[PDB]
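Colleague: One file: query-v2.cif (mmCIF, C-alpha atoms).
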```
data_entry
#
loop_
_atom_site.group_PDB
_atom_site.id
_atom_site.type_symbol
_atom_site.label_atom_id
_atom_site.label_comp_id
_atom_site.auth_asym_id
_atom_site.auth_seq_id
_atom_site.Cartn_x
_atom_site.Cartn_y
_atom_site.Cartn_z
ATOM 1 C CA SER A 1 0.000 0.000 0.000
ATOM 2 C CA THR A 2 0.916 3.670 -0.376
ATOM 3 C CA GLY A 3 -0.561 7.021 0.571
ATOM 4 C CA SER A 4 -0.022 10.539 -0.777
ATOM 5 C CA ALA A 5 -1.392 13.753 0.679
ATOM 6 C CA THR A 6 -0.935 17.457 0.021
ATOM 7 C CA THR A 7 0.271 19.608 2.896
ATOM 8 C CA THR A 8 -0.526 23.334 2.943
ATOM 9 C CA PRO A 9 1.019 26.261 4.851
ATOM 10 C CA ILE A 10 -1.383 27.642 7.458
ATOM 11 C CA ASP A 11 -0.306 31.212 6.762
ATOM 12 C CA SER A 12 1.835 33.518 4.629
ATOM 13 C CA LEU A 13 4.962 32.791 6.715
ATOM 14 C CA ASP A 14 4.900 28.963 6.498
ATOM 15 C CA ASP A 15 4.533 28.906 10.305
ATOM 16 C CA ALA A 16 3.162 25.377 10.061
ATOM 17 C CA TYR A 17 1.653 22.989 7.535
ATOM 18 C CA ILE A 18 -1.691 21.168 7.644
ATOM 19 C CA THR A 19 -2.606 17.902 5.935
ATOM 20 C CA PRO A 20 -6.150 16.535 5.631
ATOM 21 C CA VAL A 21 -6.732 13.268 7.500
ATOM 22 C CA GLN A 22 -9.843 11.088 7.452
ATOM 23 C CA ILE A 23 -10.911 9.715 10.839
ATOM 24 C CA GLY A 24 -13.796 7.386 11.578
ATOM 25 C CA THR A 25 -16.802 5.976 9.723
ATOM 26 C CA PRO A 26 -18.259 7.896 7.950
ATOM 27 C CA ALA A 27 -15.075 9.902 7.445
ATOM 28 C CA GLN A 28 -14.520 12.991 9.547
ATOM 29 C CA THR A 29 -11.850 15.081 7.861
ATOM 30 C CA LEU A 30 -9.502 17.006 10.130
ATOM 31 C CA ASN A 31 -6.528 19.136 9.144
ATOM 32 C CA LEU A 32 -3.587 17.897 11.168
ATOM 33 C CA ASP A 33 -0.047 19.109 11.718
ATOM 34 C CA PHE A 34 2.265 16.254 10.648
ATOM 35 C CA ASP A 35 5.001 16.351 13.227
ATOM 36 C CA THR A 36 8.183 14.279 12.936
ATOM 37 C CA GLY A 37 9.202 15.637 16.369
ATOM 38 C CA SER A 38 6.389 13.995 18.360
ATOM 39 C CA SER A 39 4.542 10.702 18.466
ATOM 40 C CA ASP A 40 0.920 11.318 19.426
ATOM 41 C CA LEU A 41 -2.090 11.641 17.142
ATOM 42 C CA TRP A 42 -4.335 14.000 19.043
ATOM 43 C CA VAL A 43 -7.380 15.929 17.944
ATOM 44 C CA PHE A 44 -9.860 18.546 19.076
ATOM 45 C CA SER A 45 -13.032 16.648 19.882
ATOM 46 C CA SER A 46 -16.614 16.735 21.101
ATOM 47 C CA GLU A 47 -15.006 16.294 24.521
ATOM 48 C CA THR A 48 -12.817 19.402 24.361
ATOM 49 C CA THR A 49 -13.827 22.097 26.860
ATOM 50 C CA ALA A 50 -16.135 24.271 24.754
ATOM 51 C CA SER A 51 -14.443 27.486 25.889
ATOM 52 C CA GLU A 52 -11.149 26.155 24.505
ATOM 53 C CA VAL A 53 -12.513 25.503 21.011
ATOM 54 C CA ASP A 54 -12.384 28.468 18.636
ATOM 55 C CA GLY A 55 -13.005 27.561 15.000
ATOM 56 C CA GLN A 56 -11.387 24.110 14.851
ATOM 57 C CA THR A 57 -13.046 21.104 13.273
ATOM 58 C CA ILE A 58 -13.619 18.544 16.011
ATOM 59 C CA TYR A 59 -13.622 14.755 16.029
ATOM 60 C CA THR A 60 -16.877 13.290 17.357
ATOM 61 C CA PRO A 61 -16.291 9.627 18.199
ATOM 62 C CA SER A 62 -19.989 9.075 19.027
ATOM 63 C CA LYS A 63 -20.786 9.710 15.353
ATOM 64 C CA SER A 64 -18.263 7.102 14.188
ATOM 65 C CA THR A 65 -19.367 3.481 13.898
ATOM 66 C CA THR A 66 -15.760 2.270 14.155
ATOM 67 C CA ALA A 67 -14.743 4.388 17.158
ATOM 68 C CA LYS A 68 -14.039 2.487 20.378
ATOM 69 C CA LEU A 69 -13.039 3.947 23.725
ATOM 70 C CA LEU A 70 -9.616 2.623 24.731
ATOM 71 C CA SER A 71 -10.690 1.917 28.292
ATOM 72 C CA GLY A 72 -8.504 3.457 30.992
ATOM 73 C CA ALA A 73 -6.053 5.027 28.568
ATOM 74 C CA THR A 74 -5.141 8.672 29.015
ATOM 75 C CA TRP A 75 -2.602 11.006 27.479
ATOM 76 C CA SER A 76 -0.918 14.221 28.500
ATOM 77 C CA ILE A 77 1.433 16.524 26.613
ATOM 78 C CA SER A 78 -3.179 19.326 26.365
ATOM 79 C CA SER A 79 -4.703 16.076 27.613
ATOM 80 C CA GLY A 80 -7.645 13.704 27.464
ATOM 81 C CA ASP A 81 -8.691 10.146 26.788
ATOM 82 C CA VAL A 82 -8.111 7.779 23.914
ATOM 83 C CA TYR A 83 -10.171 6.111 21.224
ATOM 84 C CA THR A 84 -9.184 3.647 18.530
ATOM 85 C CA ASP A 85 -10.623 4.321 15.088
ATOM 86 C CA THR A 86 -9.955 4.034 11.376
ATOM 87 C CA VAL A 87 -7.547 6.695 10.106
ATOM 88 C CA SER A 88 -6.705 7.379 6.458
ATOM 89 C CA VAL A 89 -4.015 9.619 4.985
ATOM 90 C CA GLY A 90 -3.976 10.251 1.255
ATOM 91 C CA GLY A 91 -5.599 6.905 0.451
ATOM 92 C CA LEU A 92 -3.606 4.880 3.008
ATOM 93 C CA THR A 93 -5.751 3.347 5.744
ATOM 94 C CA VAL A 94 -4.912 2.186 9.267
ATOM 95 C CA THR A 95 -7.492 0.361 11.368
ATOM 96 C CA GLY A 96 -7.344 0.506 15.158
ATOM 97 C CA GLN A 97 -5.241 3.675 15.237
ATOM 98 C CA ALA A 98 -5.029 5.375 18.630
ATOM 99 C CA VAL A 99 -6.792 8.734 18.321
ATOM 100 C CA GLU A 100 -6.160 10.891 21.354
ATOM 101 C CA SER A 101 -9.133 13.070 22.191
ATOM 102 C CA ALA A 102 -8.466 16.410 23.846
ATOM 103 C CA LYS A 103 -10.426 17.116 27.013
ATOM 104 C CA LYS A 104 -8.263 20.175 27.613
ATOM 105 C CA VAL A 105 -6.069 22.109 25.197
ATOM 106 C CA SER A 106 -3.394 24.792 25.576
ATOM 107 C CA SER A 107 -4.312 28.396 24.780
ATOM 108 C CA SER A 108 -1.760 28.270 21.950
ATOM 109 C CA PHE A 109 -3.896 25.749 20.077
ATOM 110 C CA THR A 110 -7.232 27.462 20.801
ATOM 111 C CA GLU A 111 -5.810 30.632 19.233
ATOM 112 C CA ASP A 112 -4.817 28.871 16.004
ATOM 113 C CA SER A 113 -8.058 27.908 14.299
ATOM 114 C CA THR A 114 -6.395 26.258 11.294
ATOM 115 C CA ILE A 115 -4.844 23.289 13.121
ATOM 116 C CA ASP A 116 -7.320 20.590 14.189
ATOM 117 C CA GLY A 117 -4.671 18.439 15.839
ATOM 118 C CA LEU A 118 -1.319 16.739 15.469
ATOM 119 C CA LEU A 119 -0.186 13.585 13.719
ATOM 120 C CA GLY A 120 3.083 12.450 15.294
ATOM 121 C CA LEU A 121 5.724 10.806 13.117
ATOM 122 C CA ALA A 122 8.636 10.446 15.554
ATOM 123 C CA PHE A 123 9.346 7.065 17.143
ATOM 124 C CA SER A 124 6.562 5.454 19.159
ATOM 125 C CA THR A 125 8.767 5.410 22.262
ATOM 126 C CA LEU A 126 7.807 9.103 22.732
ATOM 127 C CA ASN A 127 4.067 8.356 22.730
ATOM 128 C CA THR A 128 2.415 9.669 25.891
ATOM 129 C CA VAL A 129 -0.489 7.224 26.292
ATOM 130 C CA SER A 130 -0.708 5.559 29.711
ATOM 131 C CA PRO A 131 -0.779 2.853 30.953
ATOM 132 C CA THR A 132 -0.507 1.223 27.519
ATOM 133 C CA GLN A 133 1.759 3.161 25.140
ATOM 134 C CA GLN A 134 0.441 3.482 21.581
ATOM 135 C CA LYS A 135 1.929 3.284 18.072
ATOM 136 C CA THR A 136 2.190 6.171 15.599
ATOM 137 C CA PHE A 137 0.217 6.116 12.358
ATOM 138 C CA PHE A 138 3.453 5.365 10.501
ATOM 139 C CA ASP A 139 4.377 2.483 12.797
ATOM 140 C CA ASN A 140 0.920 0.988 12.370
ATOM 141 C CA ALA A 141 1.047 1.462 8.581
ATOM 142 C CA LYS A 142 4.520 -0.090 8.176
ATOM 143 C CA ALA A 143 3.191 -3.625 7.884
ATOM 144 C CA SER A 144 1.169 -2.775 4.795
ATOM 145 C CA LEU A 145 3.427 -0.168 3.150
ATOM 146 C CA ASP A 146 5.268 -1.164 -0.046
ATOM 147 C CA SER A 147 8.398 0.200 1.630
ATOM 148 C CA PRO A 148 8.665 1.284 5.287
ATOM 149 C CA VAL A 149 9.287 4.956 4.461
ATOM 150 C CA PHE A 150 7.587 8.292 4.299
ATOM 151 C CA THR A 151 8.824 11.453 2.603
ATOM 152 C CA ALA A 152 8.385 15.138 3.381
ATOM 153 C CA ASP A 153 8.367 17.556 0.460
ATOM 154 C CA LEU A 154 7.473 20.897 2.037
ATOM 155 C CA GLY A 155 6.801 23.933 -0.111
ATOM 156 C CA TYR A 156 8.158 27.451 0.252
ATOM 157 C CA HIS A 157 5.070 29.671 0.506
ATOM 158 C CA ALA A 158 3.314 26.862 -1.392
ATOM 159 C CA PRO A 159 1.726 23.438 -0.910
ATOM 160 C CA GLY A 160 3.851 20.322 -0.701
ATOM 161 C CA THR A 161 3.446 16.593 -0.263
ATOM 162 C CA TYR A 162 3.716 13.819 2.332
ATOM 163 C CA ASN A 163 4.079 10.368 0.758
ATOM 164 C CA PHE A 164 3.896 7.042 2.554
ATOM 165 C CA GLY A 165 5.373 3.775 1.335
ATOM 166 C CA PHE A 166 7.233 4.978 -1.759
ATOM 167 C CA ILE A 167 9.837 7.439 -3.000
ATOM 168 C CA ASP A 168 8.718 9.731 -5.836
ATOM 169 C CA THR A 169 11.756 9.862 -8.114
ATOM 170 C CA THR A 170 10.278 12.838 -10.013
ATOM 171 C CA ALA A 171 10.171 15.004 -6.885
ATOM 172 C CA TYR A 172 13.877 15.724 -6.505
ATOM 173 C CA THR A 173 17.009 16.493 -8.498
ATOM 174 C CA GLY A 174 20.285 14.578 -8.426
ATOM 175 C CA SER A 175 20.684 11.771 -5.895
ATOM 176 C CA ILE A 176 19.343 11.232 -2.381
ATOM 177 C CA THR A 177 22.119 11.180 0.203
ATOM 178 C CA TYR A 178 21.344 8.907 3.142
ATOM 179 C CA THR A 179 22.718 9.520 6.622
ATOM 180 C CA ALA A 180 22.628 7.611 9.907
ATOM 181 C CA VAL A 181 19.868 8.052 12.467
ATOM 182 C CA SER A 182 19.991 7.642 16.232
ATOM 183 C CA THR A 183 16.678 6.695 17.846
ATOM 184 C CA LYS A 184 18.064 6.936 21.388
ATOM 185 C CA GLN A 185 16.034 10.077 22.183
ATOM 186 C CA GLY A 186 13.024 8.953 20.109
ATOM 187 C CA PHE A 187 13.713 11.520 17.384
ATOM 188 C CA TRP A 188 14.872 11.390 13.774
ATOM 189 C CA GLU A 189 18.274 12.443 15.085
ATOM 190 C CA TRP A 190 21.236 12.753 12.721
ATOM 191 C CA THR A 191 24.553 14.525 12.308
ATOM 192 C CA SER A 192 25.081 17.244 9.711
ATOM 193 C CA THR A 193 28.626 17.471 8.349
ATOM 194 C CA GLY A 194 28.873 21.263 8.407
ATOM 195 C CA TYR A 195 27.677 24.565 6.983
ATOM 196 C CA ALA A 196 28.354 27.580 4.789
ATOM 197 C CA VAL A 197 27.022 31.143 4.864
ATOM 198 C CA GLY A 198 26.161 32.597 1.467
ATOM 199 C CA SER A 199 29.038 32.143 -0.961
ATOM 200 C CA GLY A 200 31.493 31.525 1.874
ATOM 201 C CA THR A 201 33.681 28.490 2.347
ATOM 202 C CA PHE A 202 32.171 25.317 3.776
ATOM 203 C CA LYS A 203 33.038 24.659 7.395
ATOM 204 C CA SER A 204 33.397 20.950 8.159
ATOM 205 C CA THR A 205 31.990 20.376 11.638
ATOM 206 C CA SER A 206 29.604 17.831 13.130
ATOM 207 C CA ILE A 207 26.204 19.173 14.118
ATOM 208 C CA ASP A 208 23.881 16.745 15.851
ATOM 209 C CA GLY A 209 20.228 17.588 15.355
ATOM 210 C CA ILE A 210 16.714 16.371 14.660
ATOM 211 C CA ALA A 211 14.622 16.500 11.519
ATOM 212 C CA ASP A 212 11.453 18.082 12.908
ATOM 213 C CA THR A 213 8.579 19.049 10.623
ATOM 214 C CA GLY A 214 6.715 20.341 13.696
ATOM 215 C CA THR A 215 9.221 23.148 14.290
ATOM 216 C CA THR A 216 9.073 26.233 12.092
ATOM 217 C CA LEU A 217 12.631 27.518 12.202
ATOM 218 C CA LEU A 218 16.211 26.282 12.017
ATOM 219 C CA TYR A 219 17.908 26.160 15.446
ATOM 220 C CA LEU A 220 21.670 25.711 15.464
ATOM 221 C CA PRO A 221 24.577 26.323 17.850
ATOM 222 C CA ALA A 222 25.212 29.928 18.820
ATOM 223 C CA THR A 223 28.582 29.943 17.011
ATOM 224 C CA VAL A 224 26.972 28.972 13.726
ATOM 225 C CA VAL A 225 24.029 31.354 14.096
ATOM 226 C CA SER A 226 26.313 34.269 14.988
ATOM 227 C CA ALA A 227 28.435 33.609 11.878
ATOM 228 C CA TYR A 228 25.291 33.699 9.737
ATOM 229 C CA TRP A 229 23.801 36.910 11.103
ATOM 230 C CA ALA A 230 27.196 38.670 11.110
ATOM 231 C CA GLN A 231 26.833 38.746 7.311
ATOM 232 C CA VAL A 232 23.583 40.750 7.503
ATOM 233 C CA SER A 233 24.035 44.518 7.964
ATOM 234 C CA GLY A 234 22.114 45.648 11.039
ATOM 235 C CA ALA A 235 21.183 42.165 12.274
ATOM 236 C CA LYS A 236 21.149 41.706 16.042
ATOM 237 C CA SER A 237 19.880 39.415 18.758
ATOM 238 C CA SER A 238 16.977 41.021 20.604
ATOM 239 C CA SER A 239 15.980 39.874 24.090
ATOM 240 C CA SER A 240 12.684 41.739 23.808
ATOM 241 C CA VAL A 241 11.736 39.860 20.643
ATOM 242 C CA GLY A 242 13.414 36.607 21.649
ATOM 243 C CA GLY A 243 15.926 36.102 18.871
ATOM 244 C CA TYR A 244 17.759 37.507 15.875
ATOM 245 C CA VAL A 245 16.072 40.282 13.943
ATOM 246 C CA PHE A 246 17.269 42.184 10.898
ATOM 247 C CA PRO A 247 16.340 45.261 8.865
ATOM 248 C CA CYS A 248 13.444 44.425 6.567
ATOM 249 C CA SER A 249 15.424 46.284 3.846
ATOM 250 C CA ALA A 250 18.159 43.627 3.921
ATOM 251 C CA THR A 251 18.865 40.904 1.395
ATOM 252 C CA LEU A 252 19.591 37.672 3.268
ATOM 253 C CA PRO A 253 22.402 35.294 2.307
ATOM 254 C CA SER A 254 21.724 31.624 1.695
ATOM 255 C CA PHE A 255 22.647 28.995 4.278
ATOM 256 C CA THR A 256 24.111 25.644 3.297
ATOM 257 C CA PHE A 257 24.089 22.550 5.492
ATOM 258 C CA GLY A 258 25.998 19.322 4.937
ATOM 259 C CA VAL A 259 24.537 15.851 4.546
ATOM 260 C CA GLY A 260 27.518 13.524 4.317
ATOM 261 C CA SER A 261 29.427 14.769 1.281
ATOM 262 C CA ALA A 262 26.283 16.415 -0.144
ATOM 263 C CA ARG A 263 25.011 19.956 0.395
ATOM 264 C CA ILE A 264 21.540 21.401 0.856
ATOM 265 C CA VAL A 265 21.185 25.121 0.117
ATOM 266 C CA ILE A 266 18.536 27.156 1.937
ATOM 267 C CA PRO A 267 17.854 30.288 -0.122
ATOM 268 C CA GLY A 268 18.074 33.559 1.773
ATOM 269 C CA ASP A 269 14.398 34.334 1.210
ATOM 270 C CA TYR A 270 13.487 31.176 3.202
ATOM 271 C CA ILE A 271 15.090 32.766 6.270
ATOM 272 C CA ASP A 272 12.828 35.853 6.203
ATOM 273 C CA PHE A 273 9.865 35.648 8.576
ATOM 274 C CA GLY A 274 8.740 39.226 8.095
ATOM 275 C CA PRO A 275 8.044 42.246 10.334
ATOM 276 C CA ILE A 276 8.053 41.544 14.096
ATOM 277 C CA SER A 277 4.774 43.520 14.314
ATOM 278 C CA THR A 278 2.602 45.139 11.645
ATOM 279 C CA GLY A 279 4.348 48.124 10.094
ATOM 280 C CA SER A 280 7.682 47.443 11.766
ATOM 281 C CA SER A 281 10.905 47.727 9.793
ATOM 282 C CA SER A 282 12.504 45.041 11.964
ATOM 283 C CA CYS A 283 12.077 41.522 10.554
ATOM 284 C CA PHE A 284 12.320 38.159 12.305
ATOM 285 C CA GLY A 285 15.050 35.734 11.303
ATOM 286 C CA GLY A 286 14.481 32.109 10.363
ATOM 287 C CA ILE A 287 17.796 30.865 11.757
ATOM 288 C CA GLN A 288 18.015 31.069 15.534
ATOM 289 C CA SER A 289 20.215 29.828 18.349
ATOM 290 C CA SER A 290 19.518 26.426 19.906
ATOM 291 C CA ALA A 291 21.464 27.402 23.060
ATOM 292 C CA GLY A 292 18.391 27.498 25.322
ATOM 293 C CA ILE A 293 16.788 24.370 23.836
ATOM 294 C CA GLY A 294 19.271 21.595 24.485
ATOM 295 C CA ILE A 295 19.133 20.241 20.964
ATOM 296 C CA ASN A 296 19.692 21.464 17.425
ATOM 297 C CA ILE A 297 16.552 21.428 15.303
ATOM 298 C CA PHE A 298 16.329 21.149 11.517
ATOM 299 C CA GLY A 299 12.826 22.572 11.320
ATOM 300 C CA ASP A 300 10.718 23.593 8.339
ATOM 301 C CA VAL A 301 13.147 26.342 7.242
ATOM 302 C CA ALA A 302 15.747 23.672 6.516
ATOM 303 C CA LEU A 303 13.503 20.801 5.562
ATOM 304 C CA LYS A 304 11.496 22.694 2.917
ATOM 305 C CA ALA A 305 14.736 23.280 0.985
ATOM 306 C CA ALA A 306 14.989 19.511 0.478
ATOM 307 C CA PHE A 307 13.186 16.335 -0.473
ATOM 308 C CA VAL A 308 13.469 14.366 2.769
ATOM 309 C CA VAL A 309 13.186 10.608 3.179
ATOM 310 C CA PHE A 310 12.295 9.213 6.588
ATOM 311 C CA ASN A 311 13.399 5.594 6.272
ATOM 312 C CA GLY A 312 11.783 3.512 9.004
ATOM 313 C CA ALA A 313 13.579 0.277 8.193
ATOM 314 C CA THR A 314 14.939 -1.767 11.099
ATOM 315 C CA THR A 315 18.035 0.405 10.897
ATOM 316 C CA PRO A 316 16.431 3.789 10.281
ATOM 317 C CA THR A 317 18.104 6.426 8.117
ATOM 318 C CA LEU A 318 17.364 9.900 6.758
ATOM 319 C CA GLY A 319 17.778 10.883 3.131
ATOM 320 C CA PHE A 320 18.143 14.379 1.686
ATOM 321 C CA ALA A 321 17.968 15.510 -1.935
ATOM 322 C CA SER A 322 17.949 18.910 -3.584
ATOM 323 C CA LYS A 323 14.778 19.757 -5.481
#
```
Represent the structure from my file as structure tokens, please.

Modeller:
Amino acid sequence: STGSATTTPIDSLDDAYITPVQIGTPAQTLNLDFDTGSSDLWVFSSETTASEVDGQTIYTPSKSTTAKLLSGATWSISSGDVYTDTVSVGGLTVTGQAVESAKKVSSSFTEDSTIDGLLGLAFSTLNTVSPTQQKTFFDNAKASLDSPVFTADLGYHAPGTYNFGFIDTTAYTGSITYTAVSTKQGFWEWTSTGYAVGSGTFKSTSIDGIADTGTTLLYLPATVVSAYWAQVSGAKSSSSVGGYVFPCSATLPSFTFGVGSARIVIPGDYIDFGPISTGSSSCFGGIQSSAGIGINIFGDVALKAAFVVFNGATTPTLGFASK
């Protein structure tokens, strides 16, 4: 089996991407945030505190003939109980998928009406269901997939594609470079071989990080991020804003990261996240320091510059191609 679904930016900044997902019988279609940095499938539901719902499409398990309460199971990340139900992505169907129903949701989600929930695609060891931990959609699908892979092809200010079970050889240029993955923290964790700023020379240096479609920006060590922003006239780190900002009049340099011997180039425009407030001439930067995070994160800024293969074979790997 295979599946293929279009993913769409939620706003003009590519702050996140939503992908339609069919849940239940008859289908209830929710727009979920596919997140390779977490491992829960959770949704706004008919059980979510009414005050905390503001425009989202909710999952109603009582209207689904295939929904079953997973008795005693709870989750907490935003929290609630758990159902099993039929879940389909882009034509690919999983039966008995754990669907985690929000009783309560953070204010951050209530405020963002375009995201109906999350679909986690990290390793199932990070799943928060208790007392019986649950499998991700990908893990459940693996048995039936033609190949145990999914690919992320995120667009820049444009729709993209998530594919399951196959690699679309028309979707990238050149070859896919594969690199080792550590699952020890439950993430798609890998080691970049270095970086370059604009047309500058490539610096060979190991950067351990995660491929995280659920994170908007690129978070790298302070040394690297300082070298980048030093090439932008007027750029500075602002404690009031919470990161690097730059004059909206600036032209940003590209940023290159290494994948083995290969190179992925992030165009400068990808690093522009626009005015910090309406009318401001200060703009927010898309490359930020990981120093207060504890881990480097190859978020959407980096990932959308590439065709990315998440290989969930017994020895997992990550592949990157230019496109």

Colleague: Pick out the closest residue to residue A:208 from this set: A:298, A:173, A:274, A:239. Count all atoms listed in the file.

Modeller: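 Closest residue, counting all atoms listed in the file: A:298.
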
Colleague: Ranking A:203, A:135, A:104, A:68 by minimum distance to residue A:46 and counting all atoms listed in the file, which one comes first?

Modeller: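 Using all atoms listed in the file, residue A:46 sits closest to A:104.
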
Colleague: For the file shown, what are the residues hit by the PyMOL selection byres ((chain A and resi 78) around 6), laid out as an MDAnalysis selection string?

Modeller: chainID A and resid 76:77 79 104:106

Colleague: Give me the residues near residue A:237 as a list in words, where near means some atom within 12 Å (using all atoms listed in the file) and where sequence neighbours in that chain fewer than 2 positions away do not count.

Modeller: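 Residues near the query, excluding close chain neighbours: residues 222, 225, 226, 228, 229, 230, 232, 234, 235, 239, 240, 241, 242, 243, 244, 245, 246, 282, 283, 284, 285, 287, 288 and 289 of chain A.
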
Colleague: Export, as a PDB file, in the frame of the given file, the selected residues with C-alpha atoms.

Modeller:
```pdb
ATOM      1  CA  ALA A 222      25.212  29.928  18.820  1.00  0.00           C
ATOM      2  CA  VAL A 225      24.029  31.354  14.096  1.00  0.00           C
ATOM      3  CA  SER A 226      26.313  34.269  14.988  1.00  0.00           C
ATOM      4  CA  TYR A 228      25.291  33.699   9.737  1.00  0.00           C
ATOM      5  CA  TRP A 229      23.801  36.910  11.103  1.00  0.00           C
ATOM      6  CA  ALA A 230      27.196  38.670  11.110  1.00  0.00           C
ATOM      7  CA  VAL A 232      23.583  40.750   7.503  1.00  0.00           C
ATOM      8  CA  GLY A 234      22.114  45.648  11.039  1.00  0.00           C
ATOM      9  CA  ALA A 235      21.183  42.165  12.274  1.00  0.00           C
ATOM     10  CA  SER A 239      15.980  39.874  24.090  1.00  0.00           C
ATOM     11  CA  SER A 240      12.684  41.739  23.808  1.00  0.00           C
ATOM     12  CA  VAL A 241      11.736  39.860  20.643  1.00  0.00           C
ATOM     13  CA  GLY A 242      13.414  36.607  21.649  1.00  0.00           C
ATOM     14  CA  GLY A 243      15.926  36.102  18.871  1.00  0.00           C
ATOM     15  CA  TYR A 244      17.759  37.507  15.875  1.00  0.00           C
ATOM     16  CA  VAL A 245      16.072  40.282  13.943  1.00  0.00           C
ATOM     17  CA  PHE A 246      17.269  42.184  10.898  1.00  0.00           C
ATOM     18  CA  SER A 282      12.504  45.041  11.964  1.00  0.00           C
ATOM     19  CA  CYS A 283      12.077  41.522  10.554  1.00  0.00           C
ATOM     20  CA  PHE A 284      12.320  38.159  12.305  1.00  0.00           C
ATOM     21  CA  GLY A 285      15.050  35.734  11.303  1.00  0.00           C
ATOM     22  CA  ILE A 287      17.796  30.865  11.757  1.00  0.00           C
ATOM     23  CA  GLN A 288      18.015  31.069  15.534  1.00  0.00           C
ATOM     24  CA  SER A 289      20.215  29.828  18.349  1.00  0.00           C
TER      25      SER A 289
END
```

Colleague: Written as a count of residues only, which residues does the PyMOL selection byres ((chain A and resi 300) around 8) give for the file shown?

Modeller: 15

Colleague: Could you rebuild stretch 51-63 of chain A with N, CA, C and O atoms and give it back as a PDB file, in the frame of the given file?

Modeller:
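What ended up in rebuild.pdb:
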```pdb
ATOM      1  N   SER A  51     -15.110  26.190  25.831  1.00  0.00           N
ATOM      2  CA  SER A  51     -14.443  27.486  25.889  1.00  0.00           C
ATOM      3  C   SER A  51     -13.091  27.468  25.169  1.00  0.00           C
ATOM      4  O   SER A  51     -12.607  28.504  24.709  1.00  0.00           O
ATOM      5  N   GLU A  52     -12.491  26.287  25.067  1.00  0.00           N
ATOM      6  CA  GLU A  52     -11.149  26.155  24.505  1.00  0.00           C
ATOM      7  C   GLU A  52     -11.166  25.769  23.028  1.00  0.00           C
ATOM      8  O   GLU A  52     -10.116  25.522  22.429  1.00  0.00           O
ATOM      9  N   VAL A  53     -12.361  25.719  22.446  1.00  0.00           N
ATOM     10  CA  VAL A  53     -12.513  25.503  21.011  1.00  0.00           C
ATOM     11  C   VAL A  53     -12.904  26.817  20.350  1.00  0.00           C
ATOM     12  O   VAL A  53     -13.855  27.472  20.773  1.00  0.00           O
ATOM     13  N   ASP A  54     -12.163  27.199  19.317  1.00  0.00           N
ATOM     14  CA  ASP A  54     -12.384  28.468  18.636  1.00  0.00           C
ATOM     15  C   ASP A  54     -12.137  28.317  17.136  1.00  0.00           C
ATOM     16  O   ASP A  54     -11.105  28.743  16.619  1.00  0.00           O
ATOM     17  N   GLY A  55     -13.077  27.682  16.446  1.00  0.00           N
ATOM     18  CA  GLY A  55     -13.005  27.561  15.000  1.00  0.00           C
ATOM     19  C   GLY A  55     -12.501  26.238  14.446  1.00  0.00           C
ATOM     20  O   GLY A  55     -12.634  25.984  13.248  1.00  0.00           O
ATOM     21  N   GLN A  56     -11.919  25.398  15.301  1.00  0.00           N
ATOM     22  CA  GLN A  56     -11.387  24.110  14.851  1.00  0.00           C
ATOM     23  C   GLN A  56     -12.497  23.146  14.479  1.00  0.00           C
ATOM     24  O   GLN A  56     -13.612  23.223  15.005  1.00  0.00           O
ATOM     25  N   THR A  57     -12.177  22.230  13.568  1.00  0.00           N
ATOM     26  CA  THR A  57     -13.046  21.104  13.273  1.00  0.00           C
ATOM     27  C   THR A  57     -12.755  20.039  14.321  1.00  0.00           C
ATOM     28  O   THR A  57     -11.592  19.721  14.580  1.00  0.00           O
ATOM     29  N   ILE A  58     -13.803  19.507  14.939  1.00  0.00           N
ATOM     30  CA  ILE A  58     -13.619  18.544  16.011  1.00  0.00           C
ATOM     31  C   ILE A  58     -13.986  17.131  15.577  1.00  0.00           C
ATOM     32  O   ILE A  58     -14.835  16.921  14.706  1.00  0.00           O
ATOM     33  N   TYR A  59     -13.312  16.169  16.194  1.00  0.00           N
ATOM     34  CA  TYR A  59     -13.622  14.755  16.029  1.00  0.00           C
ATOM     35  C   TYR A  59     -14.721  14.356  17.008  1.00  0.00           C
ATOM     36  O   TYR A  59     -14.613  14.611  18.205  1.00  0.00           O
ATOM     37  N   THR A  60     -15.789  13.752  16.500  1.00  0.00           N
ATOM     38  CA  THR A  60     -16.877  13.290  17.357  1.00  0.00           C
ATOM     39  C   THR A  60     -16.938  11.763  17.313  1.00  0.00           C
ATOM     40  O   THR A  60     -17.508  11.195  16.383  1.00  0.00           O
ATOM     41  N   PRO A  61     -16.337  11.091  18.309  1.00  0.00           N
ATOM     42  CA  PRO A  61     -16.291   9.627  18.199  1.00  0.00           C
ATOM     43  C   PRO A  61     -17.682   8.984  18.254  1.00  0.00           C
ATOM     44  O   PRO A  61     -17.864   7.907  17.685  1.00  0.00           O
ATOM     45  N   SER A  62     -18.647   9.643  18.893  1.00  0.00           N
ATOM     46  CA  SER A  62     -19.989   9.075  19.027  1.00  0.00           C
ATOM     47  C   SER A  62     -20.716   9.000  17.685  1.00  0.00           C
ATOM     48  O   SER A  62     -21.709   8.284  17.552  1.00  0.00           O
ATOM     49  N   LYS A  63     -20.215   9.734  16.695  1.00  0.00           N
ATOM     50  CA  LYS A  63     -20.786   9.710  15.353  1.00  0.00           C
ATOM     51  C   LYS A  63     -20.022   8.772  14.420  1.00  0.00           C
ATOM     52  O   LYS A  63     -20.275   8.738  13.213  1.00  0.00           O
TER      53      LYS A  63
END
```
